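Residue numbers (this note's numbering), protein chains in the order written: chain A, 7 to 103; chain B, 11 to 156; chain C, 632 to 680; chain D, -15 to 193; chain E, 260 to 373; chain F, 76 to 396; chain G, 4 to 11; chain H, 9 to 200; chain I, 26 to 268. What follows is a short report on a single structure.
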Amino acid sequence: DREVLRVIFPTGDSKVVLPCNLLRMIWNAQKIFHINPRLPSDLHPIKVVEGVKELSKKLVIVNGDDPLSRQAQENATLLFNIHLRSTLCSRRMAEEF
Amino acid sequence: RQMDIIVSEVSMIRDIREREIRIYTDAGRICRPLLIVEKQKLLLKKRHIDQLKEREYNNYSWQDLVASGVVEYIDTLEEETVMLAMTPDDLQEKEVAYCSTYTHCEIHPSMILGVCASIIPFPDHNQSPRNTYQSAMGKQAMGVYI
Amino acid sequence: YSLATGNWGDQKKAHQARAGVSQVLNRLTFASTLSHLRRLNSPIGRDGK
Amino acid sequence: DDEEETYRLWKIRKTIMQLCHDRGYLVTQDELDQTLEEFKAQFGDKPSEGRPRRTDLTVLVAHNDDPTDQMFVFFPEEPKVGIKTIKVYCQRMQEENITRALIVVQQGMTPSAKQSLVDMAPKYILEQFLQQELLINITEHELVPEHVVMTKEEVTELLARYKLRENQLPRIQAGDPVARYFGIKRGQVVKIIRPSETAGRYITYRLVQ
Amino acid sequence: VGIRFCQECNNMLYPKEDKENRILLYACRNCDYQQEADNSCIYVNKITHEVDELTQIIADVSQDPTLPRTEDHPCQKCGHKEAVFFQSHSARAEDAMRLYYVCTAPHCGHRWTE
Amino acid sequence: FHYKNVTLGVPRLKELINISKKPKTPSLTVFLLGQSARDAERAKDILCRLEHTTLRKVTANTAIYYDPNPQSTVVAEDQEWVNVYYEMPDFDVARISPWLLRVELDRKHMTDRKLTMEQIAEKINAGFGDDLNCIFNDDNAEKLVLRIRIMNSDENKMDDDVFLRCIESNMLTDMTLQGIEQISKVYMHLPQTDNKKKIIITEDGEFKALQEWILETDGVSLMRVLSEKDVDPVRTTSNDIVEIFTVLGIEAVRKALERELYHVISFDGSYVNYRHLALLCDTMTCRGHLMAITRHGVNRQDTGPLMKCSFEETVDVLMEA
Amino acid sequence: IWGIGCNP
Amino acid sequence: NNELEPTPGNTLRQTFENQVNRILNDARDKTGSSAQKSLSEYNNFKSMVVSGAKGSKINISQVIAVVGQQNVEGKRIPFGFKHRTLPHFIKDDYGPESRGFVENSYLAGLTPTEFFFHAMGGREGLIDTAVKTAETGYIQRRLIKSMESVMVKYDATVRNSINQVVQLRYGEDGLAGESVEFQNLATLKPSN
Amino acid sequence: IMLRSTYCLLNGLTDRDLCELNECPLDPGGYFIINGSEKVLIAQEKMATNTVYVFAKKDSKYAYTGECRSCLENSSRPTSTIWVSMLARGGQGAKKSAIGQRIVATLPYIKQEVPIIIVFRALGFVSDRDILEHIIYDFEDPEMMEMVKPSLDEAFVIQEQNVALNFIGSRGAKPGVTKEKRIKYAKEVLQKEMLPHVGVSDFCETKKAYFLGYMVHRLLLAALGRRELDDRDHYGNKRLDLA
DNA sequence: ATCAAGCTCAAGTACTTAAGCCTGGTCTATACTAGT
RNA sequence: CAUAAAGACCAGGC
DNA sequence: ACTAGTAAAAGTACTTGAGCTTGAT
Ligand SMILES: [Zn+2]
Ligand SMILES: [Zn+2]
């Protein structure tokens, strides 16, 4: 989907309008729970993987179980899930966040 | 000038390139007065000023100033064959000469404003839409009217 | 008649006439009056752009 | 002269090969990447008093899922075409038993010939194109999205899993150059797949009438 | 190029073709008057529009008090050291910002561009 | 007033809101493919190959003489090259017509367009008929002259002075040497912003901007321009949406229309959301054709009679209904 | 009133 | 002296006035910078332009340094007489004084032949505001009558009054424009 | 009666007399009194009369129109306007391409246009040399003679004065039945409303020939690009209507 | 060799259209002809 | 409580 | 005599006009 973004956005920009601001929403959680960014952390990464998968399943635009009412679900919540798995992945949140 | 045959409201336009002469005696034209310049000096001498501050007991007024040949009425068509000097003390001296053959001269260059724009102090310091706003607002200022 | 009502024409042709001439003198301030007695006007219609 | 005209004949021929490749027929890959020199050595150098006549440029192709369905591509000789040439081509189609046909008209038609193309409707459906129109494939353009023609069961799940009627869809008239590129008659639904900046991809539908 | 009038009825003369002596003749469509051609041509259509302004500016324009004046350019015919310059004031505004000079000595009226 | 000539602001908005068939300044941005996109002189003869050139743009004067025999030559110099023609004279089969036409050519506008007398005289003979005869000089000389005679095969009413002035004032305006007749002037520039440059993913994976030569016209005819060699058929667009509706389709007017509204909104640095431009452009082109936002687009729809009467045509809608 | 690119 | 070569796309008049407007427009922004770098910290013009409550950086330049250059009908002040602008100048004059370059400020006051030009420019800028409102207020009625019943149904579809479908999901995603923000994806841009 | 004017009961007084009558000494006057209220006449703008104008309207086949609003010295209930137009270059036709642009005229009380040489030949002056010494004033400029040549070569067949007055007088508000009514109506229109400010009396049509030759000569100066066009907004082309 | 039938493209001639809301003012009911 | 018509033009305010 | 009847572009919609193709010959 890195290669999908280079044909949805052929020019090169990155300022894209989406729902809830994610950097501000990881930066609030670093202060509600007093995150010391100097210690080793206790977030095991295959809680991250199934976390992003089970949340990405709970974002239904088109309520449908059958095909053709399940593929438009994946066309609707497509750019937001590329953005969601882009920002909230395993390396970038065990290292930077 | 000195009023032999012709009443002072006609206009006599000569365009040299077109090779024709137009003379208008028709009604409805609009005009304003100016001061004649000779070779380079004006014609309004001080002899015309010292007996003009004495109007209450001398019988000398604006019509003796027209009939002496020192002011003259110029209208809009004849303001295209004219060469005005806007002020005598700065534009008719011996300097780096812009023009050397002026044919008229204004009285004072603040006589281009109307009745409601002559009640604005310092209009050359304001932004001109503000002058247009107050030139329609001293028409509804409560005062004494008559 | 045609001084009293503005419509610069006849009474029985009161819609083919150029109105707005001969209007009521203005008496708020003395310079309102001196401006109203010295006023020009052009007959181009006032919806054109 | 003649090099521009054989350039036109190569580019028209290549356009028709992608066209019947997109309609769902059997096209060899060698004549899709056909460079100008393989055309120029195969059919001839110059059409000015020459070997590519506008005859022996005709193309007969066959459908994939059924070997019976064939389509003929006619390149008429005279600039404007009357009724008599349409009766010639319709005669050759009569004896050869083929239904579909294209007529790449050089300069233009006559309206009684066009009425002589719309009148045989239930059998012998002929299509009319123009030389000036076929020099660029409009499906590869920047603005034109992906059109996919839909079969009847898929129209049944469209009109059954949105609980629509058939008139409540958006529409498209069958005279724009894309529905003449796909050869679509009244009653058929095209699917348009275009990428958007709010969701990423959007699939909309159109009824052709 | 020019124009031709008749000597009897005073109307316009036209060019005609008579096929005997191979000569262009001018005739009249009113009377029966003939005369031969002196220039042996009809028509001239200057597309370039390169007409010269020196045959259309008048010597009287030096009597104008609203035009600039120069000491630096003298005349050639009379040696007078005062002139008046102006632009094209005409058609063909393709590249028309040249400068035409008129001598201001009376009874000379000499005209030159640079 | 402050910014070529392109309309913006309010009048271009009211050109896009209806579908006005004559926009006040249409144009056609032209991209290039190969070696022509980088070098300036091959872009210059693509520039020459698109812009319309009538014959009167490369003429000096036309002068009708009277030479009854070509061996007379009242013209004071031209006996040399018609004497070269007199070494072997050709086409004296019927007669010799005396009435002559004579065009001088201007070599700045001629050599500016890489033209010569051989393809001009090829065009004004092959294309008009055989009713004329076009002789010309050699390119050694400074002046470029071409003599034209009418064909003798009619002389063996139609007076040829009026006729020859008629074709003289018809060949000056209706000859079309080069170019496309709808396109009147083509410019040439290479952009500074990145929205008209060529953006390539490099080998390492980096978005690179490349300066390219683009042409941009005054007048629109898209189908002949897409069909021209050394022109990119993918990226060439325009701003006349009824002409894109003629050439490309209906989805291309949806997307080109969305791009034009976004172009007039975002010129003063403003920002309107995307749902609104998609809803307007998706309602305006929903039923197949260009439903203009006027009286004549909405009042010809399947909406009821009590909705059209509150829009501009009350009693006429009520009486047809 | 400023310049050609500005405002009148 | 017949020595000015034209530019591609322009006549001789257009290359002349374009490079004169280039010179004069590049020499009033310089005076603007000389005014901007010569203010103070206790100043109040600067304390309004910075804070964003009122003012702009061209008003400081017109009040302090140079008012600028006026223009009617999108170009420099035209020859309203024959070959002159006002009857004080000489015929066919093209300098900066003769055609509207106001080189004084609002505090040094204006000369008469310059206050008249500034009145012309302010007049044009008042006509445009006087005229534009009817055309804009007519467009904004014609659109709102053309679109007035398009709405979101209980199927998350955006249907007409005749129920004929306009969009399958609203805004091509399904979301309302009240609760969205700008974000960055940061996957498309970097190297491999 | 306008107040403070010479036919008022307040002219030439002093301040105590004006204050005695309960009038203000400052109040400038210049207003009427009708049924109690006080009216004032606004001066109405007007375009100047008896002057020859040339414009260029980008609407029709007329490429340069002249105008002359004529008034016979403050005695005219209408105003008699005479145009002299000139037709287009790009008229689609296989004959006019070599012919050229023709000069016309739109006389008052004649709805269809009339070509010029017919109007000049309704005023006498039957020869063409005399008509082209009234319409152009020098005979050494070859450009200005070619510019009027199709206007001559259109009106060759009407080459008599009396059939020219039948031609001009044939198209009135209602055409005459016989011929002498048509030459009557043509002579009274073409002498009494053709240019009233030049002459109304039944002699001296030579001065109308010189002035109409001047009007068409001015159209040929502004068609050959030798002069500018006249400006409508020029405030030397206006007059003002007071009381 | 010309002759109607049917049709298409082009030019000429009318109809319809122009921001919202709010507050004061003066004038006018037809001048002219037959019943009564 | 009830009754103060209605149309045309004009000068203004945001 | 007094007093009541009293005659500015700009989009579309419709019409005419010229010329073509074609079956007949
Ligand atoms: Zn003669
Ligand atoms: Zn000299």
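Beta carbons are placed, not taken as given, at the ideal position from N, Cα and C, and that holds for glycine.
Spatial neighbours of residue i within its chain, please: C-beta separation below 7 Å, excluding the five flanking residues on both sides.
{"i": "F:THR277", "result": "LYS283"}
Could you check if residue i is buried or exposed, using at least 16 other CB atoms within 10 Å of its CB as the buried criterion?
{"i": "D:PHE56", "result": "buried"}
{"i": "D:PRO161", "result": "buried"}
{"i": "I:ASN36", "result": "exposed"}
{"i": "D:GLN172", "result": "buried"}
{"i": "F:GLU281", "result": "exposed"}
{"i": "C:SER673", "result": "exposed"}
Hey, could you find the ends of the beta strand (DSSP E) residue i is sitting in?
{"i": "F:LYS283", "result": "282 to 285"}
On the DSSP letters alone, give me the boundaries of the alpha helix (DSSP H) that residue i sits inside.
{"i": "B:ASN141", "result": "138 to 144"}
{"i": "I:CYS44", "result": "40 to 45"}
{"i": "F:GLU179", "result": "Where F:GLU179 is concerned, there is no enclosing alpha helix (DSSP H), although the beta strand (DSSP E) it sits in stretches over 175 to 180."}
{"i": "B:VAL76", "result": "72 to 76"}
{"i": "F:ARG299", "result": "297 to 301"}
{"i": "I:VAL144", "result": "141 to 146"}
Using the Cα positions of residue i and residue j, report the straight-line distance between them to the nearest angstrom.
{"i": "B:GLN61", "j": "B:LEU101", "result": "27 Å"}
{"i": "I:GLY149", "j": "I:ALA189", "result": "10 Å"}
{"i": "A:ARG8", "j": "A:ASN81", "result": "16 Å"}
{"i": "residue 1 of chain B", "j": "B:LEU54", "result": "Beyond the ends of chain B as shown, which are 11 and 156, falls residue 1 of chain B; an answer cannot be given."}
{"i": "F:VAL149", "j": "F:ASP142", "result": "7 Å"}
{"i": "F:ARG334", "j": "D:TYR165", "result": "25 Å"}
{"i": "F:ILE289", "j": "D:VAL88", "result": "33 Å"}
{"i": "B:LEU87", "j": "B:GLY153", "result": "41 Å"}
{"i": "F:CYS361", "j": "H:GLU180", "result": "15 Å"}
{"i": "B:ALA95", "j": "E:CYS362", "result": "25 Å"}
{"i": "residue 4 of chain I", "j": "I:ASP163", "result": "Lying before the first or after the last residue shown, residue 4 of chain I is absent from chain I, which here runs from 26 to 268."}
{"i": "B:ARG57", "j": "I:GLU48", "result": "40 Å"}
Report whether the distance from the Cβ of residue i to the nearest heavy atom of ligand 1 is below 7 Å.
{"i": "E:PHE264", "result": "yes"}
{"i": "I:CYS93", "result": "no"}
{"i": "E:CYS268", "result": "yes"}
{"i": "E:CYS287", "result": "yes"}
{"i": "F:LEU175", "result": "no"}
{"i": "E:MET271", "result": "yes"}
Given 7 Å as the limit, tell me if residue i has its C-beta closer than that to any heavy atom belonging to ligand 2.
{"i": "E:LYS340", "result": "no"}
{"i": "E:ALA318", "result": "no"}
{"i": "E:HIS369", "result": "yes"}
{"i": "E:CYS290", "result": "no"}
{"i": "E:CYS334", "result": "yes"}
Among the residues of its own chain, which have a CB less than 8 Å from the CB of residue i, if the five just before and after it don't count?
{"i": "A:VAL55", "result": "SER96"}
Quick one: what's got a C-beta closer than 6 Å to residue i's C-beta in the same chain, skipping five residues either side?
{"i": "F:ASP206", "result": "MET226"}
{"i": "C:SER663", "result": "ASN657"}
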